[PDB]
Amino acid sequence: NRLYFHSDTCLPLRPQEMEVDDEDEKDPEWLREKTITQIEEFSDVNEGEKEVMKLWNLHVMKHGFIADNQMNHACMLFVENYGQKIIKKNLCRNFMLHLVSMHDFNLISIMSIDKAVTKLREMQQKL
């Protein structure tokens, strides 16, 4: 029994919309561009490393992984979803460096490295 407004525009909700203001999505687009932009600001980081980092961050932000136990699955899902971009943009070795760094951080198993690399190679065969 009161006029409600959208938090993003301050425009009123019609009774048709029936109390639904959901421009409160998990990954706000601006964070996606803020990350992309920040990685590019680095002088000491090469264009190869930068693109892998940007793609990984965009993936982690989309799925909202919060546990270390989700890291093995996250790498596998990274290949399925971003594999085409990795191959096409020629970042296959830089991705390999990301996987070993993740293993160094104790987030992924040794088999995850193999499985992810094996999956990316057969994805390249489809091309």
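Don't overthink the numbering: it's just position in the shown sequence, from 1.
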Pick between 22-30 and 77-85: the one whose mean CA B-factor in the entry is higher.
22-30
Which is higher on average in the deposited entry, the C-alpha temperature factors of 99-107 or of 11-19?
11-19
Just grab whichever of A67, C92, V52, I39 has the top CA B-factor as deposited.
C92
When the deposited Cα B-factors of this chain's modelled residues are ordered and cut into thirds, is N46 in the lowest, the middle or the highest one?
middle
